[PDB]
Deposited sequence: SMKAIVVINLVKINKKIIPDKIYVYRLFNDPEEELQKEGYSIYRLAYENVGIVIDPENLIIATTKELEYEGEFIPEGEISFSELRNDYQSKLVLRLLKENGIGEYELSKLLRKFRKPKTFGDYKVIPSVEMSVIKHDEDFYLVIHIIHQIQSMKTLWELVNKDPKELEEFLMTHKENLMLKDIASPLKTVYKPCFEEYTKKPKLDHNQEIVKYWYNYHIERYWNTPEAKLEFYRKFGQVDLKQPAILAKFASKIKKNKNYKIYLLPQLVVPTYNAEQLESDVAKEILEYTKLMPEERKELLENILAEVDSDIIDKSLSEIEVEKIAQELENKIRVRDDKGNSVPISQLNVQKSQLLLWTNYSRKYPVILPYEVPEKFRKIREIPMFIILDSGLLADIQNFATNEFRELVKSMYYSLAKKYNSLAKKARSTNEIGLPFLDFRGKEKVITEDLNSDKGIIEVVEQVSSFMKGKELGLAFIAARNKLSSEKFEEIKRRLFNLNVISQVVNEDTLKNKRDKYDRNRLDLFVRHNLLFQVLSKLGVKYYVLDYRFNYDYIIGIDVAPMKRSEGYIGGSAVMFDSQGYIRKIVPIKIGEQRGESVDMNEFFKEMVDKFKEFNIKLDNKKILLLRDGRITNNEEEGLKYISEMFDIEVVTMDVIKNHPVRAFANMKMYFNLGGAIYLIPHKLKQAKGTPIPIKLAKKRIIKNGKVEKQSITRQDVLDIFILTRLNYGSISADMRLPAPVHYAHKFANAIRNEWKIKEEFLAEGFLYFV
């Protein structure tokens, strides 16, 4: 509706920081060289660096003469300023220390939460601003070897389960270098080696090279103890940035980027808008430099109308239509609400019966178990516009028994449904395993955990789940079956909106390069597809082949893209290779391709909890929704470098209010997912979920995927 002024985590930089003279040069590393000479890297390819000091290099190089700050493209101007700020004592190291004077590290169990600041420079129009963003690292205070109780057959299990986010810090090194453990390509098997020679060698290596003194040696042995030959070596690589290094679990600790991922921890890392604001002001007061302003910048933003919140609606079997946003005599019954779909996969027309499974975690108290089955019984009834299984879902043996019992009742059946009540304690892995295995049996499942069961009860009937939750449970199940249970009072100015995800994996007669999810201009998901690709030549995915297969695959699925207008999106920035690949598919098929960078991982924060969007540095930041329950500061989606591709030609465009509206709508298609945390446009979000399921061994039922069944979500 109206505009508003909000404080953001940027502070104006004084122009007196701009360097008088810049020196261009053409040829440890080139990045470190540029850095040591108080400069940056211009052309990573042609090894072109720009320095503000007299280049000192005992190697070959040709000075490309001097240059002025005005000639550098914006990106490099900001990068050069970032480096200059560091020279005045304003860097992540210094300011992270200042932050910890106010927000101290805190330990939970064996883990320590470490606050620090991530810094960058943004050029708004003619000015430069320093972005100071508070983040957190989660570091084990126990070595990986100690964490797994020195058991080889527990260590490998650890690596596999935390594979996606686990990093390992070599605390036995003065550089505390961080690594990423290597894995058996296309698998979850970590690359380990029980060769005692490897272990002895690298263990001794640390001592010889870093603590070669009686005193340092003593401390080393006090801290890590003698070499444990029973531990295998971990093949890994640098986390920063092809080399591969060996690590000893006895000398490394697991580390995690909090923002990239328990309960008590999660809390501590979530900072309310006012807390971040204050902490930043504290750091600013402690910074004894005039090179940057002393207060945080404010910016005028555009609010988003409450009306744009009611464009998605559902209806009952009568004639009532209400938008997703939630006395009568019948309000006493446990009957679930009635939802009348706008579209139902034609598949259900033929289907005979649909077996119904109620899976109860034996760990749940009897009364919780009874509550759940009664909730599920009513959910299935409304589901229509029974086998009860009780086992120890927190044990591998219980899960195996469930699958066996269900497979036995599903033979000769086309589709089944499983409603699962489980304790909150189950690992993410066990939940995923349960769901994937049931699906191999053509059984779609819906999980309701103990937390929802105990804390979301209707105020007027404690033996009934909340009305809000009930609607969303019904929405979730319906979406898993490809049902168009809602209608969008909006039309996208595109033929199709497509989300893609690039993640190489190998499957039985497949070798898949990624996925793609398609929605029509009406806001309905229609097709979900894997993107088969041949073996890669160079260390890079051939996007021309990728997109060509995307188009051909959709055709196999009954949708021809050539001659149409589509919005194509991915998680993050559109790479040069992806643009080429898109120019390729544009000319070859006469596809008018509109695309842009959709960035969820950036450091910019607006200290207000409300829906809005604003232009900063040429990019648009959009907060799709405010935090209604959880603690924390909203994370904006960053939109930038929009472009149009016609007949193989690229024309850089400008982001419009309409574009922000589209992204906004696409972000509101969460399909019942309680606790709206989907920070990405639905097409992209689901593409990523599908790519994940394929990498996790989920069966690929093209029959279901062709009707938009989100069964893996």
Counting from residue 1 of the deposited sequence, where are the gaps with no C-alpha coordinates?
28-39, 254-258, 279-282, 348-355, 415-443
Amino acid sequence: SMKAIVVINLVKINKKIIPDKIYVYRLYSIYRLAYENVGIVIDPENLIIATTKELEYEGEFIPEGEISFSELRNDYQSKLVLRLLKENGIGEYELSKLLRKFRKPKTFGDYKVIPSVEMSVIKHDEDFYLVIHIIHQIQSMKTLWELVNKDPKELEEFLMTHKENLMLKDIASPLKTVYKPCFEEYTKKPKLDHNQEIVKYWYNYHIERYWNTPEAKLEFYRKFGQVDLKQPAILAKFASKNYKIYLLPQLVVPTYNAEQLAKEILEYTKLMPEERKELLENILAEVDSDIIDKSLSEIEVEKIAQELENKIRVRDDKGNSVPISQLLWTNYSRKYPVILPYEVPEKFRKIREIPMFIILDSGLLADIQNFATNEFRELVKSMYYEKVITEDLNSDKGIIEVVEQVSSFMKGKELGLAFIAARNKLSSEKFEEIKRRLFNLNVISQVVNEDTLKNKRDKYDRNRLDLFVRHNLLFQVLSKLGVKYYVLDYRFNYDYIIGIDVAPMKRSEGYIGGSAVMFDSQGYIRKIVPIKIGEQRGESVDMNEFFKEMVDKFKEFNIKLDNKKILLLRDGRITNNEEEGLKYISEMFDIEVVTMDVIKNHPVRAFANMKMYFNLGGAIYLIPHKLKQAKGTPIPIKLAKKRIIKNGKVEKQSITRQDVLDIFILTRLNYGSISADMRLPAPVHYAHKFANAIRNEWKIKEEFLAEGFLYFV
From here on, numbers count along this sequence of modelled residues.
Quick one: say whether 500-508 or 613-621 has the higher mean Cα B-factor in the deposited entry.
500-508
Mean CA temperature factor from the deposited coordinates, higher in 128-136 or in 451-459?
451-459
From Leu680, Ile67, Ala687, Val660, the top C-alpha temperature factor is at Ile67
Looking at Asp571, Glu278, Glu219, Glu592, which one carries the largest C-alpha B-factor according to the PDB entry?
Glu219
Tell me, lowest, middle or highest third: where does the Cα B factor of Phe61 rank within its chain?
highest
How does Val11 rank on Cα B-factor within its chain, lowest, middle or highest third?
lowest
What third of the chain, by the recorded C-alpha B-factor, contains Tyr385?
highest
Quick one: classify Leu710 as lowest, middle or highest third of the chain based on its Cα B-factor.
lowest
Where does the C-alpha B-factor of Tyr332 rank in its chain, lowest, middle or highest third?
highest
